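In what follows, a structure is listed as structure tokens, so that the remarks can point back to it.
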Amino acid sequence: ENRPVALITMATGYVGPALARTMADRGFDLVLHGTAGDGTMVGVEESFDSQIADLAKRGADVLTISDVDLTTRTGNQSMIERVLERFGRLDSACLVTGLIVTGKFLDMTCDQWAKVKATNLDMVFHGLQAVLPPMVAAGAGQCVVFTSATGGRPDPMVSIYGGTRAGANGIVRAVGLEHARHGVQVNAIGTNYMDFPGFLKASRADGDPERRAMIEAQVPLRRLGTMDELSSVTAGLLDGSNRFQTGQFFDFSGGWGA
Amino acid sequence: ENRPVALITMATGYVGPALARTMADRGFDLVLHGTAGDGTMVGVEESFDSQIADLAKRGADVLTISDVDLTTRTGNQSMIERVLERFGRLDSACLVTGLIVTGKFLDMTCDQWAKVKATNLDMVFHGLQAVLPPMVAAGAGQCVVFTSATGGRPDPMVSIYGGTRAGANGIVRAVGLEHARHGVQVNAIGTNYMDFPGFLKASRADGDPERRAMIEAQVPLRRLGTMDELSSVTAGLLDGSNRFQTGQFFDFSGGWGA
Amino acid sequence: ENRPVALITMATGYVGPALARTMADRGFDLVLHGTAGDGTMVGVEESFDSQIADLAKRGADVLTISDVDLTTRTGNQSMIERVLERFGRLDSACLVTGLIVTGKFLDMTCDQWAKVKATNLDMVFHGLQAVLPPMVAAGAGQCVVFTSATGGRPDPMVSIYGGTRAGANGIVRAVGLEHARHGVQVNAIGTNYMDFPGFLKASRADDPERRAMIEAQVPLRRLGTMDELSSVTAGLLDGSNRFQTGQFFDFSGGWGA
Amino acid sequence: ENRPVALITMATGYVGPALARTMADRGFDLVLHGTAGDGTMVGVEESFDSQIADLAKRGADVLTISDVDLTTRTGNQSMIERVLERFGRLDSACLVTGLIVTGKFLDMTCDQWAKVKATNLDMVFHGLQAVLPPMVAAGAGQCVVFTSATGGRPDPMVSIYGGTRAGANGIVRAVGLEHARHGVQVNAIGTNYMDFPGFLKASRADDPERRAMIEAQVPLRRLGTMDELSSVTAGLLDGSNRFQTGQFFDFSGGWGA
Ligand SMILES: *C1=CC(=O)N(CCN2C(=O)C=CC2=O)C1=O
Ligand SMILES: *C1=CC(=O)N(CCN2C(=O)C=CC2=O)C1=O
């Protein structure tokens, strides 16, 4: 048929898997970027193989990509070329970016500063510069850049991480408005306090019911957000249902960033 | 059998009709407040009688209410009283509020100041004071207060209207955070440049396609928003699929308020 | 000497007294609205009579106004009429507005709602509609409206107070932009954690242990002084800065950053 | 006597010259970083030499620095090393950062992206990492980082410039809150539509019709002067205001309101 194509990076963890499932139910074809290997590999919460079988049952064709560095121009340009080759179209793109670094500002090394710029900014710059040309040509496109809820409140101990996330949102706003007249939407979603293996291990909430209660007590809604909730909101900005929002940052942290 | 209940005010125009259809598709019973009469009556784009026919097809019981002053405590208290009588529960509420007024700040009469304070603030204060107790008791609830996109950018010629909309969003942020510990979400949507007869006639664009073209020229996405899109976004905050957002204001103006 | 004139409401308390002194030192004539009486009167931290003696020493004429209700159109229209009489000009206006109310949102009575709308909004609407025509005509004016730092972050327990302070800031933004082409600036300043009898008595700090707990909530770990707030406020009213209009400035030690 | 010390980078242009004068008048010793040479050298609107004469008249000792790369850790660490050598103390710092780049987002080369990351961010990260340790040990300090008014509204055609300026403000907010604890304040001032040879030449206004069209985009319908900017900047560095940290102040005549 004429199914549309969604691209989801880091799709072996975080929101990617759940987003891929519902995006398939919306009738999409999927190009998943992620980490190769099985569940025993680090950063692999749902293996590529495990998804392909389930997404096929939803009727989805899936192309997997795992040999690109998304902090560089080449890695992102090569990713989009391999999408347009397999499917000939790019309608939706969900670019998951960033890598967490915390600590005192005066304790930040030059390597931490170089890494946070590469993951929070270079990923967005080269990511958008690669997904926008195919959409501007087709006259229609939808893009969600996944930054961080700290972008709306860069706090102590999160200076260079929150600050660059604030810069990524600012870029998304400018880019979202610059290409609005071509009929493409670029929006940012910043989350925090999400219930997935990454956040659970980072906050030491894994296995400790008390520490998890303490982490939840920091959320106004007194809970951790679920991937199915995030995927639903994310898919709503990438499935063609909403076409009147661009250049905006949506906080998804249970009220923490209100 | 155990179908949640959604309250939608002003449901004879604006997002009400379209929201009622999709909310019924999410499996919700409805209580529609609005203006009684037929299509010829002022402020009735979709009459009551036409909707209960459609909403019953989708499987929704409907209660109609049209004899209340939503700018007063009594009107809103009576609305919720009659909701808890017919269905015995209030899971979601969509409180459309406000009435447009523009002009130079120094030209604003004391009547305009009194009316903008009643439609932009009194409706929100009394509306939220009414719908919140049933949800706090239930330990779960989703509320969307419709203010205006001008609340994010109170501009010249819209001083008192936009300013009080900024206050309504401010109330929504505080209320949304204050009751998040009870499982209740309260969020604000503020639109502009919508495709419905209310804005179409106010912008003098119901006919003149050149005036409509110069109107869409002010929207970054170069078009007017449809009610089917707004109902989709609004339903996402009222159907139980997203329970990790509260106290937040969402712009829906094609990037105008980004 | 054709000295510009500054109007300062609520001037018997809060920033009013300290702002008048510096404003005088910058060569201004003063119109002080405030509560009449002595120090034993409620709401009077620095009595009227005390300020005229000092304000005169700094070389300043002061007109005292105390018989207006600033929540009404007549109260503010009368105040400005009496300014344009004694001095015939209005260059700077500092409109202290608002009145605190806190508590659970669902506990808020209809009277608390009507009062916070009168003090946080009506004072701003009528206060601005009164001071602006005289400046728009002169082609130059500078106005600072005092809202609250809660306007920037309306939090639980301060729903209707902080929410209406947000609306006041919103009004101040549109008004400051709308009349910028006439060369008049309208900006808002919202403070919190100030060191003066008003805040000091409401937080039960007037108990060094409680006061230390108060300041622990401030990022700069201290309370702000009126001399500091007068300086920042006078900077937006002395003509030195004329490139800022329609903006809100948090002044809470970083609490509202 | 113990004259306090203020550091001002890029002091051969922008606010630097005018800020130097008023901060000298406020009883501050100075350390100016800038580009050495005469008025013929690019980027020198007020030559070094012409300044040292004036600040000396206002009673200020001034140490000059022109051999550091402020986008690197070494240049900043050396600049502050030489400040604590000549004067033994750092009380105030005005870190002017950034370099303008505009154009379509999809036309931006990897060199522009690299250059704007270095001028809008690396200058801030290394600037604050250098000036902050001396003030934390002193228990008091005042910093003002100069970003851009585009940080508050990163618009089309200013994608990666305004976006990185927004990240610079985000860092300033976190840093200003993280060290308020130690009695130091870090705040941001982002300007636009200023009357100095830099902006005048970029917008081709140095044509009265283009200048008038430029002032038409400003709500206050005028261009800001360095004497105005220095007043606001000095107020955040002279120890008068000590109740604001981690905040971003727009200074564009209301353009970023
Ligand atoms: C020092 C701080 C910094 O960010 N850089 C640039 C990146 N980098 C390293 O961290 C090591 C070598 C290098 O180029 C500095 O050099
Ligand atoms: C109930 C809530 C409200 O605001 N009002 C109007 C104001 N009012 C009082 O609070 C008491 C008398 C009155 O008019 C309500 O009646």
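To be explicit about the labels: the chains of the structure tokens are called A, B, and onward in the order shown, and within each one the residues are counted from 1, while ligands get numbers from 1 in the order they are shown.
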Query - Residue neighbourhood region 189-196 of chain D, 7 Å, only C-alpha atoms, exclusion window fewer than 3 positions, as a PyMOL selection string - result: chain D and resi 14+144-149+199-200+223-225+248-252
Could you dump the residues just selected with C-alpha atoms as an mmCIF file, in the first residue's frame?
```cif
data_model
loop_
_atom_site.group_PDB
_atom_site.id
_atom_site.type_symbol
_atom_site.label_atom_id
_atom_site.label_comp_id
_atom_site.auth_asym_id
_atom_site.auth_seq_id
_atom_site.Cartn_x
_atom_site.Cartn_y
_atom_site.Cartn_z
ATOM 1 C CA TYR D 14 30.021 46.997 23.597
ATOM 2 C CA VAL D 144 26.809 39.196 34.810
ATOM 3 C CA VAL D 145 27.114 37.011 31.701
ATOM 4 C CA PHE D 146 26.228 38.791 28.459
ATOM 5 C CA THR D 147 24.312 36.475 26.131
ATOM 6 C CA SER D 148 21.679 37.728 23.685
ATOM 7 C CA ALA D 149 18.048 38.797 23.702
ATOM 8 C CA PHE D 199 25.017 46.404 15.354
ATOM 9 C CA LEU D 200 24.985 49.603 13.279
ATOM 10 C CA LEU D 223 18.059 52.026 19.859
ATOM 11 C CA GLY D 224 19.610 51.426 23.256
ATOM 12 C CA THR D 225 22.714 53.309 24.345
ATOM 13 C CA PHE D 248 17.944 36.485 32.622
ATOM 14 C CA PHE D 249 17.103 40.142 31.964
ATOM 15 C CA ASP D 250 15.962 41.173 28.497
ATOM 16 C CA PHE D 251 17.328 44.511 27.245
ATOM 17 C CA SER D 252 15.912 45.133 23.763
#
```
**Report entry** Exercise answer, 6 Å around ligand 1 with only C-alpha atoms and all ligand atoms, as a PyMOL selection string
**Finding:** (chain A and resi 110-111+113-114) or (chain D and resi 73)
Those selected residues, please, written with N, CA, C and O atoms and delivered as a PDB file, in the first residue's frame.
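Saved as out.pdb:
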```pdb
ATOM      1  N   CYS A 110      36.557  18.839  31.303  1.00  0.00           N
ATOM      2  CA  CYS A 110      36.386  19.210  29.903  1.00  0.00           C
ATOM      3  C   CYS A 110      35.790  18.070  29.089  1.00  0.00           C
ATOM      4  O   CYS A 110      35.132  18.314  28.071  1.00  0.00           O
ATOM      5  N   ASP A 111      36.007  16.824  29.516  1.00  0.00           N
ATOM      6  CA  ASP A 111      35.409  15.691  28.817  1.00  0.00           C
ATOM      7  C   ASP A 111      33.904  15.641  29.042  1.00  0.00           C
ATOM      8  O   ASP A 111      33.142  15.326  28.120  1.00  0.00           O
ATOM      9  N   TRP A 113      32.091  18.279  29.584  1.00  0.00           N
ATOM     10  CA  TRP A 113      31.563  19.393  28.805  1.00  0.00           C
ATOM     11  C   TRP A 113      31.516  19.057  27.319  1.00  0.00           C
ATOM     12  O   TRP A 113      30.563  19.428  26.624  1.00  0.00           O
ATOM     13  N   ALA A 114      32.535  18.359  26.814  1.00  0.00           N
ATOM     14  CA  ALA A 114      32.527  17.963  25.410  1.00  0.00           C
ATOM     15  C   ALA A 114      31.460  16.910  25.142  1.00  0.00           C
ATOM     16  O   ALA A 114      30.806  16.935  24.093  1.00  0.00           O
TER      17      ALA A 114
ATOM     18  N   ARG D  73      39.692  26.777  28.259  1.00  0.00           N
ATOM     19  CA  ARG D  73      39.908  26.755  29.702  1.00  0.00           C
ATOM     20  C   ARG D  73      41.151  27.548  30.082  1.00  0.00           C
ATOM     21  O   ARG D  73      41.155  28.268  31.087  1.00  0.00           O
TER      22      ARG D  73
END
```
Query raised in the report: Per DSSP on the backbone, what are the helix (DSSP H, G or I) residues of region 80-257 of chain C, as a PyMOL selection string?
Result: chain C and resi 80-86+105-107+110-138+149-151+159-178+180-182+197-202+208-216+226-235
Taking 6 positions as the minimum chain separation for residues in the same chain, which residues sit within 9 Å of residue 5 (chain A) when counting only C-alpha atoms? Answer as a CSV table (one decimal) with N, CA and C atoms, in the first residue's frame.
```csv
chain,number,residue,atom,x,y,z
A,28,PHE,N,1.9,2.8,10.3
A,28,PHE,CA,3.2,3.2,9.8
A,28,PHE,C,4.1,2.1,9.5
A,29,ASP,N,5.1,2.4,8.7
A,29,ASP,CA,6.3,1.6,8.5
A,29,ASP,C,7.4,2.2,9.4
A,30,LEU,N,8.3,1.4,9.9
A,30,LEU,CA,9.3,1.9,10.9
A,30,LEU,C,10.7,1.6,10.5
A,31,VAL,N,11.5,2.7,10.7
A,31,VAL,CA,13.0,2.5,10.6
A,31,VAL,C,13.5,2.7,12.0
A,83,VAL,N,17.0,5.3,5.0
A,83,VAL,CA,15.5,5.3,5.1
A,83,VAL,C,14.9,5.5,3.7
A,87,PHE,N,12.4,2.8,1.8
A,87,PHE,CA,11.0,3.1,1.8
A,87,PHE,C,10.6,4.3,0.9
A,88,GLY,N,11.6,5.1,0.5
A,88,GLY,CA,11.3,6.2,-0.4
A,88,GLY,C,10.6,7.4,0.2
A,89,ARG,N,10.4,7.4,1.6
A,89,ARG,CA,9.7,8.5,2.2
A,89,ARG,C,10.0,8.6,3.7
A,90,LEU,N,10.0,9.8,4.2
A,90,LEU,CA,10.1,10.1,5.6
A,90,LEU,C,9.0,11.0,6.1
A,91,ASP,N,8.0,10.5,6.7
A,91,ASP,CA,6.9,11.3,7.2
A,91,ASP,C,7.0,11.7,8.7
A,92,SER,N,7.5,10.8,9.5
A,92,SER,CA,7.7,11.1,10.9
A,92,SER,C,9.0,10.7,11.4
A,93,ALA,N,9.6,11.5,12.3
A,93,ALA,CA,10.9,11.3,12.9
A,93,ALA,C,10.8,11.5,14.4
```
All in-order C-alpha pairs, least squares, chain A moved onto chain B. Output the fitted coordinates as a compact mmCIF listing (two decimals) with C-alpha atoms, in the first residue's frame, please.
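Contents of superposed.txt, as written:
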```
# COMPACT_ATOMS: atom_id res chain seq x y z
CA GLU A 1 -21.53 -1.19 32.31
CA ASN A 2 -19.08 1.06 34.15
CA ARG A 3 -18.48 3.80 31.60
CA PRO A 4 -16.66 6.95 32.74
CA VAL A 5 -18.23 10.39 32.56
CA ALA A 6 -16.86 13.47 30.79
CA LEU A 7 -18.34 16.94 31.26
CA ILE A 8 -18.01 19.39 28.35
CA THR A 9 -19.27 22.96 28.72
CA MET A 10 -20.17 25.25 25.80
CA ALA A 11 -20.64 21.96 23.93
CA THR A 12 -23.01 23.49 21.35
CA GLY A 13 -20.02 25.15 19.65
CA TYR A 14 -16.23 25.43 19.53
CA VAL A 15 -14.55 22.10 20.43
CA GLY A 16 -17.46 20.60 22.40
CA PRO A 17 -19.20 18.72 19.55
CA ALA A 18 -16.07 17.09 18.12
CA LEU A 19 -14.73 16.45 21.62
CA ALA A 20 -18.01 14.76 22.55
CA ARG A 21 -17.82 12.43 19.54
CA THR A 22 -14.31 11.15 20.21
CA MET A 23 -14.87 11.05 23.98
CA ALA A 24 -17.79 8.73 23.24
CA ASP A 25 -15.49 6.61 21.06
CA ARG A 26 -13.12 6.41 24.03
CA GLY A 27 -16.06 4.77 25.84
CA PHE A 28 -17.30 7.74 27.89
CA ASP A 29 -20.69 8.99 28.99
CA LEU A 30 -21.22 12.69 28.41
CA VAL A 31 -22.78 15.60 30.27
CA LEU A 32 -22.93 18.42 27.72
CA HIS A 33 -23.49 22.00 28.85
CA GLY A 34 -24.49 24.39 26.11
CA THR A 35 -27.08 26.69 24.58
CA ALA A 36 -30.56 25.34 23.88
CA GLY A 37 -32.23 25.82 20.51
CA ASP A 38 -31.65 24.92 16.88
CA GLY A 39 -28.95 26.07 14.47
CA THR A 40 -30.74 29.39 13.93
CA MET A 41 -29.97 30.34 17.55
CA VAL A 42 -26.86 32.41 18.20
CA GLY A 43 -23.93 30.49 19.64
CA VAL A 44 -25.37 27.16 18.46
CA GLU A 45 -23.10 25.58 15.84
CA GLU A 46 -24.41 22.05 16.49
CA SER A 47 -27.76 21.76 18.26
CA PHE A 48 -28.16 19.59 21.35
CA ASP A 49 -30.64 17.37 19.51
CA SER A 50 -28.35 16.75 16.53
CA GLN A 51 -25.61 15.54 18.86
CA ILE A 52 -27.73 13.25 21.08
CA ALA A 53 -28.66 11.10 18.07
CA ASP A 54 -25.09 10.70 16.83
CA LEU A 55 -23.54 10.24 20.29
CA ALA A 56 -26.16 7.56 20.98
CA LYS A 57 -24.96 5.64 17.90
CA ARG A 58 -21.49 5.64 19.47
CA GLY A 59 -23.14 4.07 22.52
CA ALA A 60 -23.07 7.20 24.70
CA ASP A 61 -25.61 8.31 27.27
CA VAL A 62 -25.84 12.11 27.27
CA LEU A 63 -27.32 14.55 29.78
CA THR A 64 -27.82 18.12 28.58
CA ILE A 65 -27.66 21.23 30.76
CA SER A 66 -28.65 24.72 29.61
CA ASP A 67 -30.04 26.72 32.57
CA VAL A 68 -26.93 27.61 34.59
CA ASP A 69 -24.74 30.72 34.75
CA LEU A 70 -21.18 29.39 34.78
CA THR A 71 -19.66 32.67 36.00
CA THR A 72 -21.24 32.09 39.43
CA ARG A 73 -20.66 29.59 42.21
CA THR A 74 -24.29 28.44 42.14
CA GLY A 75 -24.31 27.76 38.41
CA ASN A 76 -21.22 25.55 38.57
CA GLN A 77 -22.19 23.82 41.83
CA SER A 78 -25.62 23.03 40.37
CA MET A 79 -24.01 21.68 37.19
CA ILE A 80 -21.81 19.17 39.02
CA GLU A 81 -24.68 18.07 41.28
CA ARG A 82 -26.76 17.25 38.20
CA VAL A 83 -23.84 15.21 36.84
CA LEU A 84 -23.34 13.15 40.01
CA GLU A 85 -27.11 12.62 40.19
CA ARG A 86 -27.50 11.29 36.64
CA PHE A 87 -24.30 9.23 36.51
CA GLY A 88 -22.80 9.08 40.02
CA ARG A 89 -19.28 9.89 38.82
CA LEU A 90 -17.15 12.64 37.29
CA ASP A 91 -13.93 11.36 35.71
CA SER A 92 -13.16 14.03 33.08
CA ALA A 93 -14.10 17.70 32.78
CA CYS A 94 -13.48 20.11 29.89
CA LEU A 95 -14.34 23.65 31.01
CA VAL A 96 -14.51 26.06 28.07
CA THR A 97 -14.24 29.60 29.46
CA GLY A 98 -13.89 33.18 28.36
CA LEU A 99 -15.31 35.78 25.99
CA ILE A 100 -13.23 37.89 23.61
CA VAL A 101 -12.74 41.63 24.09
CA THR A 102 -10.16 43.69 22.19
CA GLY A 103 -9.24 47.34 21.79
CA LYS A 104 -6.95 50.00 23.19
CA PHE A 105 -6.23 49.65 26.90
CA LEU A 106 -7.17 53.29 27.54
CA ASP A 107 -10.49 52.69 25.73
CA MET A 108 -11.61 49.83 27.98
CA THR A 109 -14.79 50.60 29.90
CA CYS A 110 -15.55 49.31 33.39
CA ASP A 111 -18.14 46.96 31.87
CA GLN A 112 -15.50 45.39 29.61
CA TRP A 113 -13.24 44.99 32.65
CA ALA A 114 -16.03 43.42 34.71
CA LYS A 115 -17.04 41.10 31.86
CA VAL A 116 -13.52 39.88 31.08
CA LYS A 117 -12.96 39.10 34.77
CA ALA A 118 -16.22 37.15 34.91
CA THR A 119 -15.64 35.09 31.76
CA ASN A 120 -11.86 34.56 32.01
CA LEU A 121 -11.45 34.17 35.80
CA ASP A 122 -14.75 33.64 37.65
CA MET A 123 -15.56 30.86 35.18
CA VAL A 124 -12.29 29.10 36.03
CA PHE A 125 -12.50 29.67 39.79
CA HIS A 126 -16.09 28.49 40.24
CA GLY A 127 -15.59 25.88 37.51
CA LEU A 128 -12.65 24.19 39.22
CA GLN A 129 -14.11 24.52 42.72
CA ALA A 130 -17.08 22.46 41.48
CA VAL A 131 -15.38 19.69 39.47
CA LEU A 132 -12.48 19.03 41.87
CA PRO A 133 -14.33 17.71 44.99
CA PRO A 134 -15.84 14.70 43.16
CA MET A 135 -12.45 13.78 41.68
CA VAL A 136 -10.42 14.25 44.88
CA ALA A 137 -12.84 11.87 46.60
CA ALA A 138 -12.60 9.25 43.85
CA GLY A 139 -8.79 9.54 43.85
CA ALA A 140 -8.70 10.03 40.07
CA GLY A 141 -9.63 12.92 37.80
CA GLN A 142 -8.69 14.71 34.59
CA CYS A 143 -9.54 18.34 33.82
CA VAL A 144 -8.74 20.59 30.86
CA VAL A 145 -9.50 24.30 31.25
CA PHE A 146 -9.83 26.05 27.89
CA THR A 147 -8.29 29.52 28.23
CA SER A 148 -6.61 31.24 25.28
CA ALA A 149 -3.32 31.25 23.40
CA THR A 150 -3.10 34.95 24.28
CA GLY A 151 -2.42 33.78 27.84
CA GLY A 152 1.14 32.99 26.76
CA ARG A 153 1.63 36.32 25.00
CA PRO A 154 -0.69 39.13 26.18
CA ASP A 155 -0.25 41.60 23.34
CA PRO A 156 -1.28 45.18 22.54
CA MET A 157 -5.00 45.58 21.75
CA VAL A 158 -5.59 42.44 23.86
CA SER A 159 -4.40 43.81 27.20
CA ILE A 160 -7.20 42.91 29.60
CA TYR A 161 -8.25 39.80 27.65
CA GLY A 162 -4.76 38.35 27.28
CA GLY A 163 -3.81 39.39 30.80
CA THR A 164 -6.71 37.62 32.49
CA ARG A 165 -6.11 34.57 30.29
CA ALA A 166 -2.57 34.67 31.66
CA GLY A 167 -4.11 34.77 35.13
CA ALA A 168 -6.32 31.78 34.35
CA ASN A 169 -3.28 29.76 33.28
CA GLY A 170 -1.53 30.76 36.49
CA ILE A 171 -4.54 29.53 38.46
CA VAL A 172 -4.58 26.29 36.47
CA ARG A 173 -0.89 25.75 37.23
CA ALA A 174 -1.36 26.27 40.97
CA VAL A 175 -4.53 24.16 41.10
CA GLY A 176 -2.94 21.53 38.86
CA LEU A 177 -0.06 21.13 41.30
CA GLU A 178 -2.13 21.46 44.49
CA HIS A 179 -4.34 18.46 43.71
CA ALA A 180 -1.74 16.35 41.91
CA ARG A 181 -1.15 14.29 45.06
CA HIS A 182 -4.82 13.26 45.02
CA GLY A 183 -4.31 11.77 41.56
CA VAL A 184 -6.22 14.38 39.53
CA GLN A 185 -4.82 16.38 36.61
CA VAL A 186 -5.82 19.94 35.74
CA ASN A 187 -4.29 21.42 32.59
CA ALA A 188 -4.94 24.42 30.37
CA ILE A 189 -5.19 24.53 26.57
CA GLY A 190 -4.98 27.89 24.85
CA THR A 191 -5.93 28.05 21.18
CA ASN A 192 -6.04 30.67 18.44
CA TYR A 193 -6.62 30.71 14.67
CA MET A 194 -9.16 27.88 14.87
CA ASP A 195 -11.41 26.96 11.94
CA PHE A 196 -14.89 27.23 13.44
CA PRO A 197 -17.78 29.64 12.74
CA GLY A 198 -16.93 31.82 15.75
CA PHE A 199 -13.38 32.75 14.75
CA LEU A 200 -14.37 33.00 11.07
CA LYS A 201 -17.04 35.62 11.75
CA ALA A 202 -14.89 37.54 14.25
CA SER A 203 -11.96 38.02 11.86
CA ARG A 204 -14.31 38.78 8.91
CA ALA A 205 -12.74 35.80 7.12
CA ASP A 206 -16.18 34.34 6.35
CA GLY A 207 -16.86 34.61 2.63
CA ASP A 208 -13.69 36.64 1.95
CA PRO A 209 -11.02 34.26 0.58
CA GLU A 210 -8.41 37.03 0.58
CA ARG A 211 -8.95 38.01 4.22
CA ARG A 212 -8.76 34.32 5.14
CA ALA A 213 -5.42 34.06 3.34
CA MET A 214 -4.21 37.07 5.34
CA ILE A 215 -5.38 35.50 8.61
CA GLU A 216 -3.62 32.26 7.68
CA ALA A 217 -0.42 34.16 6.83
CA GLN A 218 -0.20 35.12 10.53
CA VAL A 219 0.00 31.43 11.54
CA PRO A 220 3.51 29.93 11.32
CA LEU A 221 1.96 26.73 9.93
CA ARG A 222 0.05 28.87 7.38
CA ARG A 223 -3.36 27.36 8.15
CA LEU A 224 -6.29 27.33 10.55
CA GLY A 225 -6.52 24.54 13.10
CA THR A 226 -9.40 22.11 12.80
CA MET A 227 -11.78 21.02 15.55
CA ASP A 228 -10.83 17.38 14.96
CA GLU A 229 -7.18 18.23 15.63
CA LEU A 230 -8.11 20.13 18.79
CA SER A 231 -10.48 17.41 20.00
CA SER A 232 -7.78 14.75 19.53
CA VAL A 233 -5.27 16.70 21.64
CA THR A 234 -7.95 17.62 24.18
CA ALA A 235 -9.26 14.06 24.47
CA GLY A 236 -5.70 12.81 25.03
CA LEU A 237 -5.62 14.80 28.28
CA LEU A 238 -9.03 13.50 29.40
CA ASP A 239 -9.24 9.81 28.39
CA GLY A 240 -6.86 8.28 30.95
CA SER A 241 -4.12 7.56 28.40
CA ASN A 242 -1.82 10.30 29.75
CA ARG A 243 -1.63 10.68 33.54
CA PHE A 244 1.82 12.31 33.89
CA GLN A 245 0.94 15.94 33.05
CA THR A 246 -0.70 18.46 35.38
CA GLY A 247 -0.54 22.19 36.01
CA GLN A 248 0.68 22.92 32.48
CA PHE A 249 -0.41 25.27 29.69
CA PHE A 250 -0.43 23.88 26.13
CA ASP A 251 -0.41 26.35 23.24
CA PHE A 252 -2.51 25.25 20.25
CA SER A 253 -2.22 28.07 17.71
CA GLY A 254 -0.14 26.63 14.86
CA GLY A 255 3.09 27.93 16.40
CA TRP A 256 1.73 31.45 16.93
CA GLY A 257 2.34 31.16 20.67
CA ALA A 258 5.62 29.25 20.56
```
Query - Residue contacts of residue 61 (chain C) (7 Å, only C-alpha atoms) excluding same-chain residues fewer than 2 positions away, as a ChimeraX atom specification - result: /C:29-30,56,63
Give me a file of those residues, with N, CA, C and O atoms, as a tab-separated table (two decimals), in the first residue's frame.
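The result, stored in result-v1.tsv:
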```tsv
chain	number	residue	atom	x	y	z
C	29	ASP	N	10.38	65.31	42.52
C	29	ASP	CA	9.30	65.71	43.41
C	29	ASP	C	8.38	64.51	43.64
C	29	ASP	O	8.28	63.62	42.79
C	30	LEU	N	7.75	64.48	44.80
C	30	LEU	CA	7.11	63.26	45.28
C	30	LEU	C	5.64	63.49	45.59
C	30	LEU	O	5.26	64.55	46.09
C	56	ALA	N	12.23	66.74	52.70
C	56	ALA	CA	12.56	68.15	52.53
C	56	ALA	C	14.07	68.38	52.63
C	56	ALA	O	14.62	69.18	51.86
C	63	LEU	N	3.51	65.72	48.28
C	63	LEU	CA	2.07	65.81	48.50
C	63	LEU	C	1.59	64.46	49.02
C	63	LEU	O	1.85	63.42	48.39
```
Report task. Would you mind writing down, as a ChimeraX atom specification, each residue of region 28-251 of chain D that DSSP on the backbone assigns to strand (DSSP E or B)? Result -> /D:29-33,62-65,92-96,103,141-146,158,184-191,194,224,248-251
Enumerate residues in contact with ligand 2: an atom-to-atom distance of at most 6 Å, counting only C-alpha atoms and all ligand atoms. Format the result as a tab-separated table (two decimals) with C-alpha atoms, in the first residue's frame.
```tsv
chain	number	residue	atom	x	y	z
B	73	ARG	CA	-20.74	29.60	42.12
C	110	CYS	CA	-16.27	33.97	47.61
C	111	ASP	CA	-15.09	36.98	49.62
C	113	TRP	CA	-11.92	35.59	45.59
C	114	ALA	CA	-13.56	39.01	45.24
```
Query raised in the report: Which residue gives the smallest distance to residue 109 (chain D) among D:188, D:166, D:160, D:171, with only C-alpha atoms counted?
Result: D:160
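Going from CA of residue 157 (chain C) to CA of residue 257 (chain C) covers 19.4 Å.
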Query raised in the report: chain C residues within 7 Å of chain D, counting only C-alpha atoms: which ones, as JSON, numbers by chain?
Result: {"C": [177, 180, 181, 183, 219, 220, 221, 224, 228, 232, 240, 241, 243, 244, 245, 246, 247, 251, 252, 253, 254, 257]}
Query raised in the report: Pick from C:42, C:118, C:140, C:106: nearest to chain B, with only C-alpha atoms counted?
Result: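 So, comparing all the options, the nearest one is C:106.
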**Report entry** 9 Å contact set for residue 123 (chain D), only C-alpha atoms, chain neighbours under 3 positions out, as a PyMOL selection string
**Finding:** chain D and resi 70-73+76+95-98+117-120+126-128
